[PDB]
Amino acid sequence: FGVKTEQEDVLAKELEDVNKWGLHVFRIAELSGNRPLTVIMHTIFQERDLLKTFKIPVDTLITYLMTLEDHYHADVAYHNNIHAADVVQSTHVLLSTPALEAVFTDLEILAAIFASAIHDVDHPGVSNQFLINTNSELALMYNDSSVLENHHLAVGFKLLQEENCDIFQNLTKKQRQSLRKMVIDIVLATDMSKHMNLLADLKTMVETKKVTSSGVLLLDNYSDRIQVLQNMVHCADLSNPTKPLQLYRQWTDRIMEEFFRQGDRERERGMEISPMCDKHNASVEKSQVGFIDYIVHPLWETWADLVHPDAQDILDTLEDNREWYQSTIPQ
Ligand SMILES: CC(=O)Nc1cccc(-c2ccn([C@@H](Cc3cc[n+]([O-])cc3)c3ccc(OC(F)F)c(OCC4CC4)c3)n2)c1
Ligand SMILES: [Zn+2]
Ligand SMILES: [Zn+2]
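Residues numbered from 1 in each chain as written, not as in the entry; some residues may be left out. Chains lettered and ligands numbered in written order. Heavy atoms only, no water.

As recorded in the PDB header, X-ray crystallography is the method behind this entry, and the stated resolution is 2.10 Å.

What about the UniProt feature "binding site: AMP" in the protein chain?
In this numbering, the UniProt entry assigns the feature "binding site: AMP" to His 79, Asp 120, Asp 237, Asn 240, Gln 288 and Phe 291. When only the residues just named are considered, the largest pocket is lined by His 79, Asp 120, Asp 237, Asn 240, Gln 288 and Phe 291. Residue position: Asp 237 is located in helix α13 (residues 222–237). In this structure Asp 237 touches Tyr 78, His 83, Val 87, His 119, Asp 120 and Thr 190, once residues within four positions along its chain are discounted. Of note is the side chain of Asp 237, whose polar atom sits 3.2 Å from the side chain of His 119. (UniProt positions renumbered as here; feature names shortened; annotations may be inferred. 1 Å grid on protein atoms, 1.4 Å probe; cavity = no way out; pocket = protein on both sides within 12 Å on 5 of 7 lines; lining within 4 Å. Helix = DSSP H or I, 4+ residues; strand = E, 2+ residues; numbered from the N terminus. Contact = heavy atoms within 4.5 Å. Polar contact = N/O pair within 3.5 Å; in protein donor to acceptor, adjacent residues only side chain to side chain.)

Re the coordination of the zinc ion (ligand 3)
In an ideal octahedron of six donors the angles at the metal are 90 or 180 degrees, and in an ideal tetrahedron of four donors they are 109.5 degrees. At this site the zinc ion (ligand 3) is bound by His 83 (NE2), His 119 (NE2), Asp 120 (OD) and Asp 237 (OD), with donor distances of 2.1 to 2.3 Å. The sequence pattern describing where the donors of the zinc ion (ligand 3) fall on their chain is H-x35-H-D-x116-D. (Donors = N, O, S within 2.8 Å, 3.2 Å for Na, K, Ca; no water.)

Things to note about the nonpolar core
Grouped together as the largest cluster of nonpolar side chains are 97 residues, with contacts concentrated most on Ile 40, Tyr 64, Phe 104, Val 183 and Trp 303. Looking at which element gives the most residues to this core, the answer is helix α7 (residues 106–118), with 10 residues. In this structure, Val 183 is in contact with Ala 111, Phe 114, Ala 115, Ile 118, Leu 153 and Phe 157, ignoring residues within four places of it in sequence. (Core = buried A, V, L, I, M, F, W, Y, C linked by side-chain atoms within 4.5 Å. Buried < 20%, exposed > 50% of the residue type's maximum accessible area, 1.4 Å probe, protein only.)

Concerning the site of ligand 1
Around ligand 1, the surrounding shell holds 21 residues, and the nearest of these are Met 192, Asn 240, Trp 251, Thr 252 and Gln 288. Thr 190 is positioned with one of its backbone polar atoms (N or O) 3.2 Å from an oxygen atom of ligand 1. At 3.2 Å, a backbone N or O of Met 192 approaches an oxygen atom of ligand 1. Taken by itself ligand 1 offers 790 Å² of open surface, and the protein chains cover 83% of this. Taking a 2 Å distance to the grid points as the criterion, the majority of the atoms of ligand 1 fall inside the largest pocket. (Near = heavy atom within 4 Å. Areas by Shrake-Rupley, 256 points an atom, 1.4 Å probe, with all protein chains shown as cover. Sits in = over half its atoms within 2 Å of the grid points.)

Describing the environment of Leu 95
As for its placement among the helices and strands, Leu 95 is situated in helix α6 (residues 81–95). For the pair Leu 95 and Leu 229, spaced 134 residues apart in the sequence, the C-alpha separation amounts to 8.9 Å. Ignoring sequence-local partners within four residues, the contact set of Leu 95 consists of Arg 48, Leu 100, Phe 104, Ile 109, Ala 112, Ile 113, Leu 229 and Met 232.

Considerations on the UniProt feature "binding site: Mg(2+)" in the protein chain
In the numbering used here, UniProt assigns the feature "binding site: Mg(2+)" to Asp 120. Structurally, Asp 120 can be placed in the loop between α7 and α8 (128–133). Given the relative accessible area of 7%, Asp 120 is considered buried. Among all residues touching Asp 120, those that are not within four sequence positions of it are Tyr 72, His 79, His 83, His 152 and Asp 237.

Here it is as structure tokens:
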């Protein structure tokens, strides 16, 4: 009575690393009875005093979080609640980077974290292209346009209507409309088809980079604010390779399982399969190296530049991991 159970205490101790890059999220997933998203989100909300700032009733926050977590598929290897929790915690750490100290408002912080929590809800385990090519209801509903991302948003928002789930019930119409717009802009930016444009804009920003007195990033207009937030959650979404190898490897195993599974369906449907999704002709090591060289490193290198030198350690880990997988390539 009043005191945590032994498993709850062990979980609480793991959660003490919530502000660190490399949180044992899989461990937390096990300790919380597969409730990584709910506990990590609750920990972050209270850490950031978001409940008080936005007058979010605690029972309501917990109810919505568990409901949201329940709408992630536990039978999906990668795009599940653990990934959601990871992206959330990673965005949380990124928001704390010294270069962005005092830059964003509480509402923007709330938008970035909420966006992260719902960015992949109800993911079926197959890609937009697969959905489009199989004439799936989802693809027809959203006209082949950022199919999954539009769906994650619609679900994320619709769940607020369930019993005692409206965590934004006390925000004014102004706060809600602004919050909603920012969340929509952020989740839509997670669609990989927008990667090049986002990176281009981020690079341009690093080019025109301008700080303040204390050397903190200066962002005037909404376009700049939202771009940085969009790239932030995007970085968090593509952060697996920048985490300690032990974590990175579990992510790779999961994504490969999900991809090979899709490949198996395409093979049966008689569709063409990418080496990436072909369990028969697949080079996991090469795929990760390509992934890092063409996508992850160019992204994180530009982000490192924007907040230089705050992300120096993350970049070093990415490069060490890249070399690890490279040397793993058989011959
Ligand atoms: C079947 C399928 O989706 N194929 C496909 C085709 C082209 C690019 C990508 C793609 C680009 C970024 N990712 C994300 C996961 C991700 C997927 C989609 N969006 O909207 C955002 C992120 C992604 C995250 C982690 C990965 O590996 C490891 F870190 F766990 C990964 O591995 C890529 C290598 C297998 C070769 C890809 N996925 C995926
Ligand atoms: Zn996604
Ligand atoms: Zn994702």
